[PDB]
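Contents: one structure, followed by commentary.
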Amino acid sequence: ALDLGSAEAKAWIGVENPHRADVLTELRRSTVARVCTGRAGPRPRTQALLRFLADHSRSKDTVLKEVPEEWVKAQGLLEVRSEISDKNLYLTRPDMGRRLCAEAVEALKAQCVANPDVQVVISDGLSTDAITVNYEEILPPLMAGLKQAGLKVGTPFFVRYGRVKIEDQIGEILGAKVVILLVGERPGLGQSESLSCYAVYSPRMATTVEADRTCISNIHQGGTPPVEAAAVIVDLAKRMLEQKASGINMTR
Amino acid sequence: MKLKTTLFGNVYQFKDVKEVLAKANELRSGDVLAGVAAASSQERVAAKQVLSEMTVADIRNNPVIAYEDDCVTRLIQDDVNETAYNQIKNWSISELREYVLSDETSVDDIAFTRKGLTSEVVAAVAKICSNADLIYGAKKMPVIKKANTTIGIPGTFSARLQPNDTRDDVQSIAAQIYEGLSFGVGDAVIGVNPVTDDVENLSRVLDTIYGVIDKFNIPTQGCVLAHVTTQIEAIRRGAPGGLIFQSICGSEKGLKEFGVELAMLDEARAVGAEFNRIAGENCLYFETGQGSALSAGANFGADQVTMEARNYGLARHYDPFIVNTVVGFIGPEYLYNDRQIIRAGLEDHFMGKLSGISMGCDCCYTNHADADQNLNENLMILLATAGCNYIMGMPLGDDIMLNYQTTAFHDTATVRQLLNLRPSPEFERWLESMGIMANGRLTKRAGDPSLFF
Amino acid sequence: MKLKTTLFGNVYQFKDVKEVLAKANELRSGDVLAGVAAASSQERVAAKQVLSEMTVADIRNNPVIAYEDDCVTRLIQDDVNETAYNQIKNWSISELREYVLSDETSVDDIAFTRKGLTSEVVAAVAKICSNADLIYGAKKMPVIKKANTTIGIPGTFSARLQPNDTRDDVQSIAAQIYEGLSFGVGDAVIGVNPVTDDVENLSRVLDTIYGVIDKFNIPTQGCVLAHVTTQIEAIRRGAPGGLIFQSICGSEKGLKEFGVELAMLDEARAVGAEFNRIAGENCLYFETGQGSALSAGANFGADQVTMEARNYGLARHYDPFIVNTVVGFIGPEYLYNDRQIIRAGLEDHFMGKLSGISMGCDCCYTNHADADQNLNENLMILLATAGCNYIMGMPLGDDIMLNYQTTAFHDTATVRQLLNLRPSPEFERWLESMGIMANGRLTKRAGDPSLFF
Amino acid sequence: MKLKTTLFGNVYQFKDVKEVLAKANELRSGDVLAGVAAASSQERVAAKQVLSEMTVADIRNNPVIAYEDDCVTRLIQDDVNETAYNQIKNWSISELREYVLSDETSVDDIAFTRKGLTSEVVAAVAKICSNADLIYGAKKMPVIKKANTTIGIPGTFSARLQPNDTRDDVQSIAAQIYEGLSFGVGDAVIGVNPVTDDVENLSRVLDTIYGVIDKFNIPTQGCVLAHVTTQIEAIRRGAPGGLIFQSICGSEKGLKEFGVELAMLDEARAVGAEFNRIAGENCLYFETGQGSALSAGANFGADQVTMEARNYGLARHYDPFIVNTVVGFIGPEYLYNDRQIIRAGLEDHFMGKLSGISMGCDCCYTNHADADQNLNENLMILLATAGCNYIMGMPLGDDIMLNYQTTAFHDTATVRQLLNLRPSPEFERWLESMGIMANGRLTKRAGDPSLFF
Ligand code: COY
């Protein structure tokens, strides 16, 4: 018997009568992609199809799950939300995910520091796992990087049901020179803890385009390590203040 | 022009062309989100009838974004062969539909007629077509282009090898390439979406791709799907140039969202002519898909099908080697489920072929959409019957970085053997040399990446 | 036996084979209604894995209804080739799936292998097949039968002309016959579902069908789809016999619901041999479809896919000319939407071809189901690529009397010309003589019923 | 660089690349007149050997007219694919000759290789090729273009109908059109050199040509071979646009002599896109020929072969539908006799195909040159075996107005039937419909212009 979520199932070679079987093991080890599973005619092998379907069922559950209200409060974060009420509405209304609710605007003016040089924002986005697994690894060295040998640092807060464009409203309300958003990307098939960073210099609701942002993607243990990514984002934040530009407007 | 009709005794009034075009669309979540969808099935049909009774002139002279306000509109309108336009300007969209579908209308007849069309007219035909209309109509409109391989020949079916990795690791990229080639995938392009949009990184990814291409003398082309500016820069610095890619949008504001100027695409052509290792005359590559304009706040009250057709009008100007819609790439907010994704894919491909571009489709869905892999398999086969130029190929269809599911390497092989389709003739020849393919079918040793070692 | 697996650390326990079979199914409305569906997507996959690891022997020895209580089970079990069975009994269902799909497995290999199968085993293989598996698998399993036409030859595609009327009016039936023939429809059969189940009316309808057949010397066969007993009587009393029809069910209880004994099907065989105007050796015609057993209270805690497979095991014994599932004939209660209808249609066809019957499909939906005509066009094309022996044909697909929508006459012509498929060779020759067809294509004068006048 | 060789113990010294290019030519009248010809047969061979040992880089870096002084040189140099150039720059001209002629060198290999060439390099290769080298080399380099007909497909052979008249009389033009079509001539173009270079007359001649085209639905294109500026004006003012013509020269001085700027050819491209009745993507038409630059005082001490090659480098930029040399159009002063005309014709065609243009040839001579009609028949057949895209057609080859003899309508039919070559596929189908052609052969009723009445 075999568990389709186990390590042995993921490392399974299905290629029948290989030309060079030690190459197949070296190929399977070099990538996380579903390689070397073989075939039945032009169709996938049964076990590969089963493992695919098993990982899909887990991926389906991982998208509509919510970060508990207690977990964010335990991290010492302010929880604020967009215009969106729940998970179901979040998936169909991106325009409401791009705007803070009326009570969110007032809370940010009340409880956050004004005119920061670098503002860090965290949101669940499309994957709760992305911010849950990576948080303790990425957020502390980011703060100890921006403050230590640095400048004016804003207070970190959690946006529930947020979309990338919401950082433009966050930048205007707080008067932030640089807005950093750590957000969960849409979940993959067999991997769902992938975080992205979206950064923009002095954003405006009516002028900032998507190309004005710098993206640091695939932040996880299987991608760019959160600790290693934290020093990249700090350096990016420093370069954005120095150039007074972000995204496509930056040098090199 | 008439902007109303009576249906079952009830009068159905519409305010402008843009509204009629929008409400005639089959139901999709994106049109409801844009607030432009029909209120019911009755209003939808009435909109289809109003649309069908309108002339080519009515729709050509009413583009969704005005000529003076949009460079894409200017691009589309100024490319019109006005003699071809004058022949068909008084035709109803109903008459244009029937003309496209007619067995007495040859490939050469359509070649001239399509030159008198604008993207809005292209979309208008698609809106009054059933699923089989879109499939059969596309099939009788082949578009053939040539890089180092020839794509689009009836009886052929190509595939993009998409060897993506979370870290752009060159060992992981190579392994997926060898796996793909073993199934006969890669005649469209070997195209990587890079993690870091960096000149040094692009060169390393390209050298890995071309390390495999050169070692086995593979008739194909490599591509790295970063921003067009960094592709140009890397190629200028001496990185190998195959296809040059850019994501496009159907409006000026949409292109500004992507950080694209029309001058960059012209520059891409010039850089390609000076630097690229392409035997044929086509070297550009665009990707498209419904919802992108609405995402950019750049649809201007127009539905996503009309905006998507405007992409093809823009693409046509640059005569690219390949274009594909990435049909379910974004999410349920623009295309919710199986039904809507299939319809969109059939629409996109039909409109692409009517616009006269080398049109393929990334048959795909996301994990937050109401869909599964059976949708991809349904759509790829339907589109292959429509003469879809190419689909994607990934190991089992799982993108480990872009976090979505496309078609497997298996699927291309399946489609080819199911429908008696061949790859690009140049690539097929190479597959036969390698012992991977015989008579269009995978040999016993095929599907095994160790064959290259 | 293992009725257990662990998935993601969670143990999933199943009671019996019947539950494993039921829960392994893709989600559908009927299985939920039956209370046999999976509770979660993870449990569905668990059931799929458990089923895949089970052997042929495990499934063969555990039919859903017992041998001693069910004459259909008895007939299925007694028809097994034991030598074939003994070669494959220790194979897992996973291994049998891979065997069917393999390109090293020839048509003749499956010819012998399928004789060691039962319907439950046929169903089990289908449950662990993706949509493209069902399509490709069915395609490499052609089944050829012959009446006055030959059906099922690869590269061909047939169609039933269904000229139904609200009052069995002969002018209305004839009008639809001339319309269908003008599109090249009717090589499978010209089959009427009658309003009144009596001898004189059946004799009148048959005389109308055969009035057309005789006047134009059409290589085809007629059928009136009444109860088998009334057809037999009409034929014995002098009505022209073509195909003899009966709706079948997968259980003895189900057959009793329809009022059929196995002796009637034996009688139909004998009556056909004595009376019918059939050149070839096949003359029976069955129709099937998921949900009918559950409607009869005759599924006995089993899922509708397995019960539908038992229909094919039953049909096989009587070596009919044609069988078709009527995929979405009943309502949303058994198959809810586009997705479920497409899936069921692919399942039904695959299972029929695996069972060795001349399997076609009525691509259809009802008006109270979540579907439209675009669904019919999606499914018909997919099934055509799977080598579906035949579909229906009605004017625009509107049955004015059975109150549902099937495929249009247009759809058969579309599928043929889209996929380069021909009609039945005998019927094709007739169409060429009539000036309706040239090189597989409709001529200019085709699609016009006044051509016969 | 080596500008020296020793032959039979005798040292031969050359001043520059321009002299090496000039003296390597086979003996012709124009080169002697230019004072650039070899003094002896030994010096000719010496120049051939010196040229053969020179590299691609040597010839590319030394065009006959400087980059800064000549817009044609600039256009040629700037169109080069540098990646292609860098692969072949260290190759000797001898190695490039062997590369072109090699059977291991495919059509796609030359497709990329030719992009790294300049016209001087094209000319250099031609100078060290024998007559059979020019024929075989050109044959393995097909160039395919499409207007309303496709030209240049191997196994095909096209023809320009040239219905010229002394007064531009419409009855005389039409008479010759019906005669030419009856022999299957006119798939390249129906092209008239007009007497009067004005708008109304051009509009009248075009209406006459298109009167015939429209009445019989002929897949072809019309052209009036006036100055490009007058054609553009006629077309903008409503005259039917087919092909737009311009005579070209290999230098800026030469273009000024003809009164052409490169912007006019750009304008013609744009005017064609807006107005012309052309289904395909090619609509320009150039004519060339050795001696024209020397006539203009615009050869700058260079030989007529190299200057003629520069015409093709210029033409290539504008991707025309057709180009032809008018081999012996001028007089004995540039090409004296049979030998020199045949040689020039083979050179011109080979160089055009190497340059990647749709190269044909007007096989012709003047009455003051040492030639006759047997020369035209020798050359036309040789060029046809080289895969010449097209020749001219006139009644018996007598131009009653341009005062020279070209090939007869008969000659196209002869070449086709002699070599089993077909017309353009679109035009061939038209001829079959008209009962003029059957299986590539003229029918009994062909060759008779009264067939159209
Ligand atoms: C979905 C997606 C998109 C889509 C946007 C989402 C939407 N329209 O709602 C889409 C299709 C428009 C798209 C386009 C592009 C364009 C332009 C982006 C722009 N400037 O607007 C793009 C430049 C491609 C090109 N060469 O032109 C592009 C790129 C390169 C990238 C890469 C960034 C590299 C980098 N380090 O800078 C990237 C990491 C993928 C990769 N190549 O590895 C990714 C972020 C790559 C991402 C991969 C990944 N692993 O994350 C991925 C897969 C998911 C992002 C996510 O989950 N975000 C979280 C989510 C909660 O945010 P959201 O608010 O809902 O959505 C926002 C963000 O996604 C943001 N955003 C998305 N991409 C992107 C890129 C940059 C540089 C920035 C600053 C911001 C970007 O835009 C929206 C604003 O509402 C993604 N994208 Co885009 C991947 C390109 C896909 C291939 C072509 N393609 C596919 N479909 C279509 C189509 N319909 N039309 C035309 N082309 C395509 N993307 N993308 N994208």
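Below, read A as the first sequence line, B as the second, and so on, with proteins coming before strands; counting in each chain starts at 1. We count ligands from 1, going down the list as the structure has it; atoms in each ligand are counted the same way. Excluded from the calculations below are hydrogen atoms, water molecules and symmetry mates; all remaining heavy atoms, backbone and side chain alike, are included.
- Side-chain contact annotation: B:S172 with B:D169, donor-acceptor N/O pair under 3.5 Å absent.
- With a 4.0 Å cut-off on non-hydrogen atoms, A:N218 touches ligand 1 through its side chain and not its backbone.
- When heavy-atom distances to ligand 1 are checked against a 4.0 Å cut-off, B:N164 has no atom that comes that close, whether in backbone or side chain.
- Protein heavy atom nearest atom 92 (C) of ligand 1, with residue, atom name and distance: B:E287 OE1, 3.6 Å.
- No heavy atom of B:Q290 sits closer than 4.0 Å to any atom of ligand 1.
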Decide side-chain contact (heavy atoms from CB on, under 4.5 Å) for A:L189 and A:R34; before the verdict, give the C-alpha distance in whole Å, the side-chain angles of both, and the deciding distance to 0.1 Å.
CA-CA 11 Å; A:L189 212 257; A:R34 287 152 205 269; 3.4 Å; yes
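- With a 4.0 Å heavy-atom cut-off, ligand 1 is reached by no atom of B:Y404.
- Residue contacts with ligand 1, taken as heavy atom pairs separated by less than 4.0 Å, involve B:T288 solely via the backbone atoms N, CA, C and O.
- Here the CZ-SG distance, from B:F321 to B:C223, works out to 11.5 Å after rounding to the nearest 0.5 Å.
- Contact annotation for B:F329 and ligand 1: only side-chain heavy atoms (C-beta onward) come within less than 4.0 Å of the ligand.
- Remark: minimum distance from atom 94 (N) of ligand 1 to any protein heavy atom is reached at B:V326 CG2, 3.8 Å.
- Only backbone heavy atoms of B:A226 (N, CA, C or O) come within less than 4.0 Å of ligand 1; its side chain stays farther off.
- With a 4.0 Å heavy-atom cut-off, ligand 1 is reached by the side chain of A:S217 but not by its N, CA, C or O.
- Among B:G250, B:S247, B:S295, the residue whose heavy atom sits closest to atom 16 (C) of ligand 1 is B:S247.
- The shortest N or O to N or O distance between A:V164 and ligand 1 is under 3.5 Å.
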